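Architecture and fold: a report
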Amino acid sequence: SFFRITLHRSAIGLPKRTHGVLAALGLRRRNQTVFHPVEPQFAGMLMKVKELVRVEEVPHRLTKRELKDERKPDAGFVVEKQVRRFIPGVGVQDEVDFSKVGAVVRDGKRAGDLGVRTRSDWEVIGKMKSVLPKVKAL
Amino acid sequence: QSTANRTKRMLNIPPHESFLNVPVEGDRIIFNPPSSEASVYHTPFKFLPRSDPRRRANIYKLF
Amino acid sequence: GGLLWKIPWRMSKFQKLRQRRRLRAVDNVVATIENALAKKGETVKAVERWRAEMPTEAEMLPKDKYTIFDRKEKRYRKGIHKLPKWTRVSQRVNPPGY
RNA sequence: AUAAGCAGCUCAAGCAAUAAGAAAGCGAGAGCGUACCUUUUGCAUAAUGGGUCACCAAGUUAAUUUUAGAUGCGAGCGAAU
RNA sequence: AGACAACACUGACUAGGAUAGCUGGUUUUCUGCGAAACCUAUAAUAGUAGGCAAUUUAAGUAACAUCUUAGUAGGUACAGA
RNA sequence: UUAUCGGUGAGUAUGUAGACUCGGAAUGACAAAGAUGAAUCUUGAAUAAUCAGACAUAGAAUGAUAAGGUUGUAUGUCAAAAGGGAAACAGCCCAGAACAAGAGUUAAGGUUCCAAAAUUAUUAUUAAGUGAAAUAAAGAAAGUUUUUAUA
RNA sequence: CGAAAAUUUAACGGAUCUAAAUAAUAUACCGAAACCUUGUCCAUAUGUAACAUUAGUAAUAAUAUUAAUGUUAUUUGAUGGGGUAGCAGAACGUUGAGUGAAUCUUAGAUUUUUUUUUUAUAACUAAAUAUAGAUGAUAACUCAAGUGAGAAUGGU
RNA sequence: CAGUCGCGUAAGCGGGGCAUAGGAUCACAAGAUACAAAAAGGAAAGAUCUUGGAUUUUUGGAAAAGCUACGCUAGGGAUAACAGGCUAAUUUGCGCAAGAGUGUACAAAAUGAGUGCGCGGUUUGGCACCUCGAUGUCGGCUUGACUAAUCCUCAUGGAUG
Ligand SMILES: [K+]
Ligand SMILES: [K+]
Ligand SMILES: [K+]
Ligand SMILES: [Mg+2]
Ligand SMILES: [Mg+2]
Ligand SMILES: [Mg+2]
Ligand SMILES: [Mg+2]
Ligand SMILES: [Mg+2]
Ligand SMILES: [Mg+2]
Ligand SMILES: [Mg+2]
Ligand SMILES: [Mg+2]
Ligand SMILES: [Mg+2]
Ligand SMILES: [Mg+2]
Ligand SMILES: [Mg+2]
Ligand SMILES: [Mg+2]
Ligand SMILES: [Mg+2]
Ligand SMILES: [Mg+2]
Ligand SMILES: [Mg+2]
Ligand SMILES: [Mg+2]
Ligand SMILES: [Mg+2]
Ligand SMILES: [Mg+2]
Ligand SMILES: [Mg+2]
Ligand SMILES: [Mg+2]
Ligand SMILES: [Mg+2]
Ligand SMILES: [Mg+2]
Ligand SMILES: [Mg+2]
Ligand SMILES: [Mg+2]
Ligand SMILES: [Mg+2]
Ligand SMILES: [Mg+2]
Ligand SMILES: [Mg+2]
Ligand SMILES: [Mg+2]
Ligand SMILES: [Mg+2]
Ligand SMILES: [Mg+2]
Ligand SMILES: [Mg+2]
Ligand SMILES: [Mg+2]
């Protein structure tokens, strides 16, 4: 098994040798958790700082990305709709609605390639003088 | 106090006793009639039309 | 003297509760380390010395938890809260008879 | 004009724009806070210095001898024809 | 009468030429690291020098700190006569 | 001739201890291997400040077993360290401040009101406001409670 | 009870308390700038991508790439954060100078103010007042210092 | 390691003493060295090695008496002339406990040896946080305020004495 050590107290006023025991365990600041194998070398290391730490036997050692994921609070929100944005290194990402799911990013050297409405598109929409909504829908 | 955070702690008022009985398991709907004045949008049962289907028994009689 | 270090001679019931809980917390660290090794059939010299010459919080007398031996006191006893860093230091045994 | 504030800071009622829009400022009331510098083991100290404001007012130059970095040439370099 | 000799006399006034291990002062911001009040020498103890040693940043590390295990030096607390 | 004076021999007799230590810790010190660790170490080049420290705890010397006295040693803090607790507080108890937010989690310390949090539970004592965050002593006494004996 | 001192109750901090005292226990809660979480700033790293500048190297009549520097983002969900004496790095500002026979100015250069915004010892927006075509102001980079003052019983 | 001596059968030992208590340079002097020799040949004066004379005894190495109440300047206030602060040895400050003894008798009416446990901050001191109105640290005057360990005035217990 492993020893789960957490520095509960500080050593601001304790002798210098007590700081050398907390430096070998790896406890720099307060409430810092380290995992050390169950061995006589570490066990005698904890008998010197047993008034400042809290020891616990754990089956497996926890990684750096797993000790922090147990104090991480749930985001509490989910982005369901995003509006058009310009990403500097990728391109112009269009609008996406994750409720019906599409991050399509069009990049180019012309306005038409970007996928936006240009001046020419506004001239084609302005000349369509025949388009009319159905009478039933009007 | 010295900082705004220290002021918020000295001026703290705890929530109502009712909210502090959090369920350990599952969700529960509780009756918490507040000690306050009701607005005019809480139409009394006498002013509701017979057609309206929301005329329930007092919430006291639903527990 | 003239410099006032207002330290009472006795502890309060709140300090005693934390002194009791601090002695009982050092017992769990020695009991966790002693059982963790026994499973592996291993032992340490400092873990065996502690259990030999040091008592647990349930085996200590009230006068050994809240007092220490001071040869300069009238009854050879002194408040344990007078010891430097007494909150982060181990002190359970006093000379026999004192 | 019932009050014992190094006059700031945290909390903040209220007042304040004739008008659509727009609140800087002042602030009752609650709390926190014993100037600055020098000199000292240590200063609110009843230890030193200053009435306020503006301006003047202190590691610089020369020669010499070194080092680091950068750069020119290179067993030559620099200088000079 | 150490009295008087033109503000000054236990030796005047004026001009020229000083030092001060002593005291005071030394002016913009941000960032990194971070002491000592000990030893030795000194007509020295309010100073200074050499160490210990703070800083800068290069080359090294079987570095340094702590623990475990085995070993070693040395006679205190205690105890004893 | 003496349970008189001194001296001698015997005692596994009693005490005494800075220069008595037969016995003898812990601690600290030296070095080896392994492991862990926050580079904390060494060297090269360049180059400082400092040289009345103070208090606290332990243990001594000195004084008078006086001093916020003087002087070593061990450890820490202050010095150069703000914040919380100690009513106020350089040195004590916690904890090392890059800036905000949070009835977030805790240390020391506290929770009737000033003033954030218990007028929270259990068993006894006290009747003196004793006491409640800086123990005045020996001693006295049909104060009172408990225990051990006891009529 | 012993227990007596000179401004005033006078070392419960005070109100007060028969526990809100004392002794032996138990639990919850409060509680720091400590810790945690979510963001921010700063310092030092480690790779990658993109933007700009400068300087090279290729392509182009039918743009790609290399290196340095600046910058944002991102990977390791990187590490680190008090400070006197003292040491070190990086910047801003002031005055004068070169580029400058340059740029801009009645379509308002410049105005010791006020105001606005930007991680900000600084500049900027707007407003109000006055009226200059250069003996005016000025970016950027660079050069040199009579360059920064709440502290000398300092001096005017 | 080289040189060359002693002792010992040999191994071997010997760069004084069982260990721990005797200072340089400069100058000066005596030997060696053969380095340099201010035009040159020599020399003088220098250089290296060995050695000597030192209460160089302030022993990391000056040839060295006082006064200033007439003192000066720059400083510190390591407490120095005062007061405050800490301590309480001492006191011309007191209390309590115990009771040898005195009291014709009888401890405690009174008296109380040598002592023990204490309070207090007046005298003479100790310390030195602290530079300031002092060496008789104090007197008189004016004007107080407070304390109670009481000289007077008021109430009262004990006193074969
Ligand atoms: K200057
Ligand atoms: K004269
Ligand atoms: K640091
Ligand atoms: Mg520190
Ligand atoms: Mg005092
Ligand atoms: Mg009023
Ligand atoms: Mg001083
Ligand atoms: Mg004053
Ligand atoms: Mg002053
Ligand atoms: Mg003045
Ligand atoms: Mg100037
Ligand atoms: Mg030190
Ligand atoms: Mg000096
Ligand atoms: Mg022995
Ligand atoms: Mg002292
Ligand atoms: Mg200092
Ligand atoms: Mg502090
Ligand atoms: Mg309190
Ligand atoms: Mg809460
Ligand atoms: Mg409350
Ligand atoms: Mg009381
Ligand atoms: Mg009181
Ligand atoms: Mg922090
Ligand atoms: Mg920090
Ligand atoms: Mg810093
Ligand atoms: Mg203007
Ligand atoms: Mg001035
Ligand atoms: Mg010749
Ligand atoms: Mg000649
Ligand atoms: Mg000498
Ligand atoms: Mg010597
Ligand atoms: Mg002093
Ligand atoms: Mg008689
Ligand atoms: Mg009387
Ligand atoms: Mg009578």
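All residue numbers start from 1 on each chain and follow the order of its written sequence rather than the entry's numbering, and residues without coordinates are excluded. A letter from A marks each chain and a number from 1 marks each ligand, given out in the order of writing. All values in this entry refer to the displayed chains, which constitute part of a larger assembly. Side-chain figures throughout are based on the complete set of non-hydrogen atoms in the structure, without hydrogens or water.

Chain C is annotated in the PDB entry as 54S ribosomal protein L31, mitochondrial from Neurospora crassa OR74A. UniProt positions are given in the numbering used here, feature names are shortened, and annotations may be inferred rather than shown by experiment. As recorded by UniProt, the Subunit comment attached to chain C reads in full: "Component of the mitochondrial large ribosomal subunit (mt-LSU). Mature N.crassa 74S mitochondrial ribosomes consist of a small (37S) and a large (54S) subunit. The 37S small subunit contains a 16S ribosomal RNA (16S mt-rRNA) and 32 different proteins. The 54S large subunit contains a 23S rRNA (23S mt-rRNA) and 42 different proteins." In its Sequence similarities section, the UniProt entry covering chain C states "Belongs to the mitochondrion-specific ribosomal protein mL60 family."

Naming follows the PDB entry, where chain B appears as 60S ribosomal protein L20 of Neurospora crassa OR74A.

This paragraph deals with the sheet that holds strand β7 (residues 91–93) of chain A. All names here are of chain A. The criterion for strand pairing is that DSSP finds at least two bridges linking the strands in question. Put simply, DSSP marks the helices as runs of H or I at least four residues long and the strands as runs of E at least two long, and each gets a number from the N terminus on. Taken in spatial order, the three strands line up as β6-β7-β9 in an open sheet, and their pairing is antiparallel. Because the sheet does not close on itself, it has two edges, and the strands there are β6 (85–87) and β9 (105–106). Bridge count between β7 and β9: two bridges; the pairing is antiparallel. The residue bridging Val-92 from the neighbouring strand is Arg-106, located in β9.

Right, let's talk about the protein's contact with RNA strand G for a bit. One heavy atom suffices: a residue is near a molecule or strand as soon as one of its heavy atoms comes within 4 Å of it. Inspection of the region around RNA strand G gives 25 residues, with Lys64(A), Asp69(A), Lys6(C), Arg20(C) and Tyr66(C) positioned closest. Put simply, 77% of the atoms of RNA strand G that lie within 4 Å of the protein are in sugar or phosphate. Identification of polar contacts relies on pairs of N or O atoms within 3.5 Å, with a donor-acceptor requirement for protein atoms, meaning one able to donate a hydrogen and the other able to accept it, and with residues adjacent in sequence counted only if both atoms are side-chain atoms. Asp69(A) is positioned with one of its side-chain polar atoms (N or O) 2.5 Å from a base nitrogen of RNA strand G. Mapped onto the surface near RNA strand G, the elements with two or more residues apiece are α3 (64–67) of chain A, α1 (4–10) of chain B together with α1 (13–39) and α3 (62–65) of chain C. Of the residues forming the surface near RNA strand G, the biggest block, five residues, is contributed by α1(C).

It is worth spelling out the side chain of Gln93(A) at this point. When you line up the elements, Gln93(A) lands in strand β7. Overall, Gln93(A) belongs to the buried group, its relative accessible area being 11%. Partly exposed describes any residue whose relative accessible area lies between the buried limit of under 20% and the exposed limit of over 50%, with all areas from a 1.4 Å probe on protein chains only and scaled to the type maximum.

Let's shift gears to the pairing of strand β1 (residues 2–7) of chain A. Residues and elements named next belong to chain A. Within β1, five of the six residues are buried, which leaves it mostly tucked inside the rest of the structure. Two strands pair when backbone bridges link them, and β1 and strand β2 (residues 33–37) are joined in this way by five bridges, in the antiparallel orientation. In the sheet register, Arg-4 faces β2, and the bridge partner there is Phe-35. Where β1 meets strand β4 (residues 57–58), two bridges bridge the pair, whose relative direction is antiparallel. When the sheet's bridge partners are listed, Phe-2 is paired in β4 with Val-58. Here β1 pairs with strand β3 (residues 53–54) via two bridges, running antiparallel. Residue pairing for β3: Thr-6 is matched across the bridge by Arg-54.

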